[PDB]
C-alpha cells in the first residue's frame, strides 16, 4: 500500500482538449497512488526532505503535512493536433504526458 504506479485512462473529450486534439481519443496517463509512510519501500527513491517532512508530520500531524507520491519521471505521447491553419499535424513526442516513475517528494 505504498507509492506506486496505477492505471489512469484519460479521455481527451472529458478534459476539453478535444477541440485541438483529433487523435487519439483516449490514452494511458497512469497516476501515482500510495502512501508515503514508514516503513518505506526500497524504490520510492525518497528525498531527504520527504523523509524529514514525513517524520515531522508524525510528531505534528495537525500542523505539517505528509509527503506526496508524485511522478518523478514522465514520458511523451504522440498526438494529432489541429494546426492554427486548420491542418492536422502530428506532434511526435508531446512531452510530459505519461508517468514513467513514482516517488515520495
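Positions refer to the first chain, counted from 1.
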item: Comparing 41-49 with 59-67, the one whose average Cα B-factor in the PDB entry is higher; value: 41-49
item: 93-101 versus 15-23 - greater average Cα B-factor per the deposited record; value: 15-23
item: For residue 79, the third of its chain into which the C-alpha B factor falls; value: middle
item: CA B-factor ranking of residue 32, expressed as a third of its chain; value: middle
